[PDB]
Every structure is written in structure tokens, then in C-alpha cells.
Ligand SMILES: Nc1ncnc2c1ncn2[C@@H]1O[C@H](COP(=O)(O)OP(=O)(O)CP(=O)(O)O)[C@@H](O)[C@H]1O
Ligand SMILES: Nc1ncnc2c1ncn2[C@@H]1O[C@H](COP(=O)(O)OP(=O)(O)CP(=O)(O)O)[C@@H](O)[C@H]1O
């Protein structure tokens, strides 16, 4: 009936996408929606800090860091006197539906407010408000929270709006700084945010393959000073021309004593005498522009939040909207606030594995993976099989492939295999471009764009004899492929060729890597976040144009092949007005309908348009056709420009999502390989390791055939199609 | 003969573009060229720190911060014992020509070494070297320096390699931060580099329209504490949701006492009680990737340096290569090293106007312009004319237009005019979209992409009657136009329409703004540095992807109209293999010849290609044609991809060059307007204010007609065409 | 366009399952022969399919048709008669004109007079006789 939305706490990139999603979805469901300026402060002050919102108020906001409606820290809201005055102002305007976008504290605050919402009974016991209105507006205080925080603090949620973006800032800094660690082989201690949370520290570290990291959840344990210094001297012996050490603000040892970045420098300058600087990043990390992931994430939960509020009844407890396993869920607000404090309590009580376990499994996966690729046991202590495992790149280049290779190699070596790097995909395979590869060979790869080993789309079918010859020559006991649809096709071909060539009767696993995200058996592929970010950046600049000129509509063609992932998701994140794709037919009625919408849109103040066309979405309805239609039908009203982005959409260095995705899923694949070799051939030894809903699973290529449209190289059931109605709503 | 190049001192972005330019140009003139690794240290150590360089060695270097060959600080080089050993190693390889890329100290070192050369006579008096070789390799030690430094320290030079890039890092941080300041209404004190130089502080401040700045050249003078605090409270009264204060590392008051950023925070937290943070940026500012300006700059001086060396004779004194007024000059090395110390001596001796005067006029122009737009005299003290001056945007959107508008408005108001903002170019003019605009209305624009007032290409010719009606209605005493060729054409039309419409008999001035840089009467236009960076940014990401297979050529189409500025300069900065432009005809022989070159290039290790096509460089030879030719003729060898960059080249946020160029030239134009109105119509009152070689000048539109190719809307004589031989040399 | 496409669709429920669409080469900037080909192709998808042809420079001809030979012959002779008659009376608008067929009979019209009857920007006249026949095509189809 009336919805109020506010933004409390340390601001986060994506907060604006969320407010936009709540205001638009609220209005779309036919509700009125009120801004509450300056977080809880606006609610305490009242009056004009509360103001109705229309469609136009949330445009030009999406692509912008921080909150276009303010975040106040609000002391007053920690006091009964403040909360009475807040509740009063809400009742003044009939607001009893509340959407609160903030962090641990903001949500602890809203949980407390909700419980206390019979502060109304105080209001009546004074003049405050009418007696009968203590019952009209009673405990139908309907609270829903979304966690907007760069820290990944909150317990319920797998992810928080801001984190991906903050990690972008950190890695932009880290990548920038690595070129100045050559002006002397400098050691840089970088101090990142996460006051009582190590997530942002951990992820950064993993993403830039950092030499050491410090988290409060998981302290170093006694004697690390020497072990770290061994690492950094070993690194000068490996000839590494720098060192990078990532330190959470709230890092501690096993006694809860601060490990400060200035402390670390003194240790390194003292023991080793390396030239050493310390950068305190600070509020950069809250700033800049919201990544495509946060824009989309925030947009999905702005919408679920509005549904959760209207679906709520006086029975339903206050909840927190979350994406767990790429599905939007509601979680009871009380319990999540509780669980988060519990994590502080675990650290406070020197119970560190408990803090880590309570953080979620995700946290522990990052931590475990990081250690494995950062600390190398001496050859003496890693005994193990005389197995030789190969690593190859197949498909077109995808950002993150390199990270992936480095991970596979180190985990294999760590598991005591011997790692063979195969060059140029199945081309180099057929021609025997194979060489042994070690731990140091893959150092500094975690953020390299493209493919250093080299990648080709060519399939193995016509080189089975030659390829089988190479496996025999090099005694290849297993194979890991990092690639796109061509890899998948490659496994099918080799699976079928087993009965003629013994050499292919080994465990073969693939992890998916392409900008296109068209690989069957995985909801995500290494490289697509990078691409979405370049698309998102580009559309932002485009709309800025459309906006200066006014009355202009841009038609923009994107990649994907027949896979409308980049187009669709790119559309959402850029706040386009339409994104045509192959998996959703559209006729000239659909086009005329969008054209008529845009026409009406040019009677408002937002006189711009953004239309995205998947490059292979329609035989006849080409980018030109669409450009010609809209140009012509808008004739009294707007004009158009077509742009074909083409292969620059790939982007450059992989985005952190792709680096870590590359790193994490590849290591998980190698684990599978060693476990299999350890029990020493059927369908179960040739599979795709991919992300399916909640968890990662290995799916035999046999099974994926029936789930695959071979003729357009896209899967048959694609998860992101369920999101199609958002674009149109949120526009 | 033989040339050696080294990189000493605090490293700077663009140092690599310079080494590449020296190696390629050295070889091109048929010299041998040696790397000297690790600055002066490599020269002292000898052996393999000196290594001959071939063509291939300097590829993949251009787009990378810092030095691919090291910078050592070198104590040994401060001692006769070190310099003897250095001189010895040079003679061992016949190196007697030296190119030194560094700063104050590096260059002071090379000047000393030069004077002392015939430390050789010591070499003979020992075993060191043959007696007769003390005369073959004698005082034909030929030294040439280039200044690679982010600080703009050195005196001779107008600009130093690294500054533009560093200012990019700073503004990237400052832009990122503004977002979290809005959110909480925070005051941010940012501490930037410039140990004993205020340039990087000053330019930043101007580029992000900072609320206060602190330079060591120009201290605050007594009573600033209160004056600053008045400013920041006035800013909350204006409802500005943040404050940004830029503090040079080496800021001081009039007594040479440190003004620390932690000191500023205490003053603001104390007197006003605003929420306040401090960011120390640190070595981020030396990092990241070299801007297009530094790439081009460094490339032009790498080349001049090689010429300077071979043209030198034992008479000619060691020099420092510089761009002053966009023309490469040689400056005696001794005198420039002297002058720079003089500036420290001036500050040390509390002689502050002398430090500013010795910094150059450029420095004092930035400082003066900054103050004018940052400090607003109370209405009481700004009396002045009852004149109404209009500001309009004409042409397609260009990054920096907004900065320009803000500057015009404030300088006009400061000059006691009444400022009218005209919306949507001559469209809105004809339709009377005119409104008064004030000081606060333009706050926060300095870094806004696109055009907030709005721009249209439509010309006034068919709306003279209507437009004249608007000037009469609003009593428009003068006009400032920020725009491209359409503005220029617009002034010609209105100039001609004077005799029929009295209303156009006012002073009209235009400042040039377009990504294209095709405006006659100016070597530069507001928006083109942004576009060059977008082009440069994009090629970098392209080269970053596809990595191991290579044998790929990218054909990339750029804007400009018929103006090959973006294409040509973009080509240089991106290190392209060709950039086809309209001002230099090419036939199918030319194309076949480039294709056959690239073919030979794929027999080397650098198997990539980059071809840029100005979008209107040829009717028949389209981007597709070129893509089809190269694709086909490389068939055994390489393959291709075409990309049409399109409307992103306008930009996201304007680059600092464009912001400051926008700000400075617009203010200068408004000055002209007020001076003209003060003497109160012929050709001299309708002109283009533009940058011509060394200095800015107003040129009547009458005079520019003969200097204009009207049919292709480019000027006739274009300064950057003299640079055409570089691309091919440096490739 | 959509209305013609829907007509042809219904037409393919009768026995005359063919279609013929003609496009004047400059009839629309945006609605090109390809656009129309793409629309009809796509919207007929369950029903009919398409082929585009651009006739081009054959439309000039091989040998002229008899109408054109005789028209060429008859009007040119008539123009020469005019020339000799004029030269025989031996300068204003009436000596520079277009000899052309207007309704029933041929007439000489000064170029001065034809300017106001001319769309210069698309090089067609303003009032064109055959446009009165436009309803026939649809009727007779
Ligand atoms: N009892 C409570 N506990 C915590 N926060 C509360 C609260 N009651 C109100 N709040 C609000 O939360 C603000 C505290 O800062 P805060 O902890 O909320 O940041 P945040 O949630 O956005 C990021 P993080 O959760 O990582 O701290 C206060 O200004 C106050 O208005
Ligand atoms: N008088 C001198 N004689 C010999 N070497 C000298 C010298 N002055 C400077 N150098 C060289 O340069 C270094 C010392 O000053 P430095 O080069 O570091 O300043 P700089 O030129 O890099 C940057 P800035 O612009 O801030 O002064 C030493 O490594 C030394 O090799």
C-alpha cells in the first residue's frame, strides 16, 4: 500500500541500482514509494526527508556509486527517544512497509525497531498519536532488508551489494601498483577494508595471487614472521621483481592483537631489508562505479524485496532478501543478525575455525584454495604418484583462462603430479607442442588476459591418431581442458574414440571458459563477467551521448553467438529499454510495441533510448532492420544511431569474478583428477565441472547431449531466461 | 655511431614509450642502440646490464607503466671510482652517445659525467684502456636528456613524461571518492605527490574543481584557516553534499612549516564538526598505464633525442629535449638543472612569487583560473554591468563541454554579468529554451561527461528570425559558444545576418569542442584527449586478449569525420602498423604494400597487427574493404577482425586534459567578452578562441574561411600531419 | 506493410498461392527492398517464403518497344517543325520550352512555367496523371 526505502550505513556501489529496482517494481505493482533521505537520520528528522518518488527520479542513478538519497550514521536511532520520533514520522505518512538497504548494523537496527514497534504504545500514552491508530498501523510494520555492504559481513547472504565493485577498486589499485614494483624490487603492504570481516581481504589476495594475506577470521598462528620472510626471500631467488601483501584493517594474531600494516613493514624492512611501502586504500573502495554483477544483483533484490513486502502478512517475520545459489530467497531477519554477532563472539573467544565455519562454506573455499596456491611444500614432503596430467586451452580466448591454468598446475604439483602444458589447443596437441610445467612457470598469471598457452577452436576429430600418439609418447594419465563449446565437443569426440584408442581411456574433465556463457552444464563461464563489464561500461558512455543530444535512441549489437547471456544481462546492467535475443522470439508487433513505448518516453524528461540486439537473434530482423524501423517510426520524435561493438567487448585483463572463478573451479577439477587417479573406463570419467544452481557438479558428457542445442551451440534450459520480465519493468 | 639509453630515478608512466622511440629511431637512422639496465647502476656494473637492442625488444612495452629496463638509485655513480668504472664499460662497447631518461638528479648526474669525461685520461694512466682510444672516444661523449617525471619538476620543459598519467590516477581516485562523499556529506582531504612541486596538486584541484588546495610554491598566507572554513560552511548553505581538499605532500605556510593533511582534518573537525577523512594516495600515482598524451609525448621526444645526439658535435653542449608550445626544442642541460634548484632556493628563502614566476607562466595561469572559480566575492563587491551573456552548446557532445560551461558562468558572474544558459544548441535557441544560471547551478560539473545544457548540430540559418527574437526578448548583450565545426559555421551565418538583424551585432566568441579536433583556428579541441584515451584504452584491452596463437590483425575504425586527428594520434599512442586518413591519399598499391609488410612481420616473434581507419578516409576503401583485403591476402599467414568503436569515443568522464583545457580556455573567452562589453560592429567581434602553436589567440571568422576546407569540414593546414613519418618509423 | 502481409497470408488459404510486390527504388529511405524482403519473409514464416530481385539496368532495354520508337519519331519531328517556324520569323521565356504530351494533345510549355509545377528535390513533377489510377491495383489484385 505505501513503501518507504532508505539507505543506511557505509555506502556500497549498487545501492542506487537497488533503490531504482524498489521504486520501479513498487510502482509497477501499483504501490506508492517514499524516499527516506539520509538513512535512519532522515526518518528521525521527518518532514521533507520523506518524499514520494516517481519513475523519473530513479533514472541516471543506476550507473553511479553511493546513494543518491544519502546514508547517515545515526546515533539518535540507537536510543528509544530517536526510535519513537522515527516511528512517529512514518505514521504521519502511513508508511508501514519498510525497505532497508544497509549492513550488519543497519539491519540489527531494523530488527530492533521491528521488535520494538509497540513504541507506538508509548506514543498513545503521550499526545504523539490517536489511540485507535495504535491498532490501524500496529505490528503491520512490515520490514524487509537487503544487505548493501562491501564487506560481505552478513550471515544469511552469500553475497552483499558492493563487494564485487569494491574488489574491482582494490584490484585496479593492485594492478596499477604492480608496475611501480620494478622501480626497485619493492614490497607493497596494501591495507584493505573489512573491519571485522576478512572476505574482501581474502578475495583480493586470491584475485591478485598475493604473497601473503591477513584475515581476522583465520589468524597466522605462531612463527609466521619467519615463515613469511622465508616466502619473500624464496621469491627473490625465483627472481620475482616484487611482493604484494594484503592486510585487512582488522587483522589479528591468535591472541586478538592488531597486526598493523606499519607493523608488517617494520618486520620486512628489518629482517630482509627490502624496499617497502604501505598503501592504505581507504574510501576509494566504497567509490567508483558499480560493477555489472552488483548492478544486476542489486536490481534482482530490489525487486524481490518489493514482492516480499507485499506478500508479507502480520504473521510473516521481517526477512532479508538474499541470493543464495543464484536463487532469490527470504531469510528471517532476527536469525541472520544473531548469526553475524556469533561470528564476532567466536573470534573474540579465540575460536577461529568456528568463525570461519560460521562465515559460510564459500569463505572457507576461498581460504583453502588461496593457501594451496600460495604456500609450496618442499619437494621432500609432496611424494605421490608418477602420474602426468596435461592442461590445455580450447575455444576462443576468454579472460581468466590463465588464472585457471596457474591453479590447475599448482594443485597438481601440490598433489604430487607432474604437469604437462599443451600449447595452442588441439592444434598443438596434434603437432606434439607439449612441455613439462612447474610452480614458478605460472607465477604472476592470475590477472593475465587472453591465453598464454594459446587457444584454438579446432576440434580433435581429424587428429585422433596423432593426438593419441602424443599421449602415448608423453604418458599422459589425465587431461584438464579450460575452454568453451569447442572443448565440450572435443570431449564428446574423444569419448567416442576410446574404443579405437586406448590412450583416451583416462579421466578427462573440462571447466567452462568463454565470454558467451553458452557451455552446457554450467550456469556461468570464465570470461563472461569481464565481457559484461566492458559492455556495461560502453552502454554507459553511449547513454551519456544519447542524453546530451536528446531525443536519441541507440541500437547496439552484442556478442554471444546464439547465446543471449551477454545481451540480456548487459541490457539489465546498462538499464536498456530492450534486449532482443534468439531464445525469445519477437515479431514486428513486439518491435512496434517497444517503439511506441519509447515514443511515450520522449514526453517525459528522460529522452534517451537504449536497445540491445544479440548478433544472431534473428535471420531477418538484423541490427539494420531494427535501426531502420525505429528511425522511421520515431520520425517526429527521436532519431537513431547504430553501433556494432564487436570483439572489443571481450575486455582486457579478466575481472576479479573471472580470476577467482577461474582459480576456484580449476583447482576443484584437479582435485577430482587426483581422486580418480588414486583409485588405480565409463561415462563418469569424461565430464563438465560446472556451476548448477547452488553447488558445483561433474556431469558426464553423455548426459549433457540431450540438454544441448547443438545447432545453435547453446544449452536448452538456461537459468537467466527467468529474469526476462525485469528489463521491461526496471526500464 | 652507438647509442645507449638508460632510465634513472623515480619512475614515470611513458618512460617505456620513450625507450621504444629511441631504440627504433636510433636503428632507423642506422645506429646501434644498447639498453642499460637498472639506471646508472647498470652502467657501473657493466657486463650484461648493457645489451644491444633490436627492433623486437621494444614491442609490448609502449602500453606499460614504469621502465622495462629498471631504475636504480646509484650511490656508486656519485663517486669518481664509480664514474671511471662506468665510462670504462661504455668504451668497451663503443657507446659514446647517451640518452638519459630521468629527473633533476639523474640529469644533474649526466651533466657532471659529461664535464668529467676524460676520466678517460685516468683510464690510460692505468691499465683500463689503450692510449690512442683516449682520443678516438674522447669528449665526443654526447649526452642528451629527456625528463621522465610525474611532478612537472624540471624548468626547461613545459611538460614532463608521467604528469598527464599521474593526474589521470589522481582524478580516477578523486572521481571514485566523490561518490562516498555525497553519501555521507563528508569532507575528504587527499594528499597528492609533488614533494617540492605544486603542479600535480594544482592541476588535480582544477580538474576536479576542488574546494581548497595547498601548494608549496604559493602558501595560503595568514588567516586562511578562517577563510577556508567560511568556504566550507558556505558550501553546506549551498547544500553541497561534500567537500574535497587537495594537499601536496610538501605543502607549507609562509614560514616554511608543514601543513599536513592530518592537520587540516583537525582544523575542519574542530571548527565546523563535519565528518572528515584523509586519503594518502601514495604510489598509485606512479603506476597504472600511460595516458595517450604521455605515450605520444614520450614517443616524440624519444625521436628528437636521437636526432639531437647525431646532429651534435663536440662543440654542442649537452641538451634536454623538450616540447615547448607543441614544438620540440633542445635546451642547454646545465642551465635547466640550475633553474630548477633556483626554484627550491626561492621557496627556501620565503620568496614565493619568485618560485611561482620561475615555475613558468603555465603554472601561474592554472593558479589564477583556479582561484577565480573556487572563491566567490560577495555580491556587494562585484558591481558591474547590467549585461546579459548567453552560453550555448553546439555540435555533437564532447567530453569537457560541462567543465567549459561552469567556467564561463562563474567568470561571467565574477565579472558582474548575468548569465543565461541556452539549452539544446540552436534548436533550443530558436524555440526560446533560455534561463538565467548562477554560481551554484554549475557546481560539480568539472568532471561530467556529455553536455548537461544539451547540444545539437542544427545550424541557425533557417531560424535567424526566431533566434533574433530571443536575443531581443532576453536582452542578450553577448554570446559564448562551446562546440565544433557546427558552431564555427553558426558564427559565419550569424555574422552575415547582422545587416538584417541588429540583435546579432554583439560580441560572439567560440571555443572549440569535439572529439574530432577539426575546428579551424585551433590545434586542439575540448574532447579529443578523452577520445584518444578511449581509443588507446581499447587497443590495450584488444592486445591483452587472444594471446598465444596471435597471427591476428585488427582493423579498427575511428571517428573524426574527415579529420584524421584521432586516427593518426590514436595510431601512434596504440603503436599501430598503419592509420589511413583522408588528408593523405592511399591507393591499392599502398594497401598491398602494408599487407606485404605485415606478412613479413609474422616471420618475426611479434605476430600481431593493428590498423586504424579514419571513418571517412575514402569513399570506396571502406573498413570492410580493408578488412576483406587483409583477410584474404594474409590467408596463409594471419587472420582479421574488424571493430567499429563508435560513440564511446565521445567518452565517459572527460579526461583531465579536456576538463582543464575546457576550464582554462572558456574563462579566457569570457574575459574577452567583458573587455569588449566594457568599451561600450566589424569582423573582430566574431571570432574563434583557439590554441595556435605556443599561445592562444582570437581569430575573426572572416580570416578563417580561406584557412578552411568547407567541403570536408577540416582545416587546410594541420599541425599534426608533420608527425606522419613517425608511425612507420616507430612501428 | 503489416496489413499487406496479413492480406497475402489470407491469400495463401485460397488456391492462388503466389505473391508479387513491387518497390520503387527510392520510395523510402529506411524501408528498403531488403527491409520489405525481411519483413515479409519473417512474418510469412508458417505460410510463404520470399525472393528479392533487383531488375536494374536492363529496364533501359534492348531494342525500344514500338510505342517508344513511334513516340520518339513523332514528337521529335513535331519539335523540329517548331524550330523552323521560329527561325522563320527572323529573346524571352517562350523560346525555351518542353514539348510534351498533356492529356489529349501535345503542347510547348516555357521552362519558366514548369518550375512551379516541379518538385526539384525528388526530380518528379508535382501533379502526376497516373496517381488517379492508384485504387485499381488493389481492386484488380
Ligand atoms: N542497535 C543498532 N546496532 C547497530 N546499528 C544500528 C543500531 N540501531 C541503529 N543502527 C544504525 O546503524 C548505523 C551504524 O553504522 P553501521 O554499523 O550501521 O554500518 P553498516 O550496517 O551499513 C556497515 P557494517 O554492518 O559493516 O558496520 C548507526 O548510525 C545507526 O543509525
Ligand atoms: N651529482 C650527481 N652525480 C652522479 N650521480 C648523480 C648525481 N645526482 C644524481 N645522480 C644519480 O641520480 C640519483 C640521485 O637523485 P635522483 O636521480 O634519484 O633524482 P631524480 O632525478 O630521479 C627525481 P627528482 O626530479 O625528484 O630529483 C642517484 O641514483 C645517482 O646515480
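FYI, residue positions are counted from 1 along the chain as it appears here.
Quick check of the header: X-ray crystallography, 3.0 Å.
Using the three backbone atoms N, Cα and C, a Cβ is placed for every residue, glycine included.
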Where does the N6-acetyllysine label fall among A:345, A:431, A:435, A:664, going by Swiss-Prot?
A:664
In Swiss-Prot, A:73, A:74, A:103, A:104, A:105, A:106 are given as binding ATP, so which of A:4, A:10, A:194, A:198 is in that site too?
A:10
Have a look at A:371, A:642, A:676 and find the one that Swiss-Prot tags as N6-acetyllysine.
A:371
Determine which of A:186, A:241 appears in Swiss-Prot for the same substrate site as A:149, A:150, A:151, A:193, A:194, A:195, A:249, A:277, A:283, A:284, A:285, A:286.
A:186
From the set A:362, A:616, A:631, which residue is assigned the annotation phosphoserine by Swiss-Prot?
A:362
According to Swiss-Prot, one residue among A:37, A:370, A:627 carries the annotation phosphotyrosine; which one is it?
A:627
Given the recorded positions A:105, A:371, A:664, which one's Cα is the least distant from that of residue A:284 (substrate binding site)?
A:105
When a 10 Å sphere is centred on the Cβ of residue A:103 (ATP binding site), how many other Cβ atoms does it contain?
27
Which ones, out of the recorded positions A:105, A:284, A:462, lie near enough to chain B that their C-beta is under 8 angstroms from one of its C-beta atoms?
A:284
Taking 10 A as the limit, how many CB atoms besides its own sit near the CB of residue A:664 (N6-acetyllysine)?
22
Name the one residue among A:10, A:105, A:106, A:561 whose Cα is closest in three-dimensional space to that of residue A:286 (substrate binding site); these are the binding-site residues.
A:10
Report, as a single number, how many Cβ atoms besides its own are within 10 Å of the Cβ of residue A:647 (beta-D-fructose 2,6-bisphosphate binding site).
16
So which one is it: of the recorded positions A:118, A:650, which has the fewest other Cβ atoms within 10 Å?
A:118
What same-chain residues, at least 6 away in sequence, bring their CB to under 8 Å of the CB of residue A:104 (ATP binding site)?
A:149, A:153, A:154, A:337, A:340
For ATP, what surrounds A:10, A:73, A:74, A:103, A:104, A:105, A:106 with a Cβ no more than 8 Å from their Cβ centroid?
A:8, A:9, A:39, A:71, A:102, A:109
Starting from residue A:118 (phosphoserine), work out which of the binding-site residues listed here (A:74, A:105, A:277) have their Cα within 10 Å, and give them in sequence order.
none
Cα separation, residue A:664 (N6-acetyllysine) to residue A:362 (phosphoserine) (Å, whole number):
10
In the chain carrying residue A:457 (beta-D-fructose 2,6-bisphosphate binding site), residues 6 or more apart in sequence that have Cβ under 8 angstroms from it:
A:394, A:395, A:396, A:425, A:486
May I ask which of the recorded positions A:193, A:462, A:650, A:664 have a CB within less than 6 Å of any atom of ligand 1, listed in sequence order?
none
Three-state secondary structure, residue A:195 (substrate binding site) (per DSSP):
coil
Candidates A:103, A:105, A:151, A:195 (recorded positions) - the one closest to residue A:647 (beta-D-fructose 2,6-bisphosphate binding site) by CA:
A:151
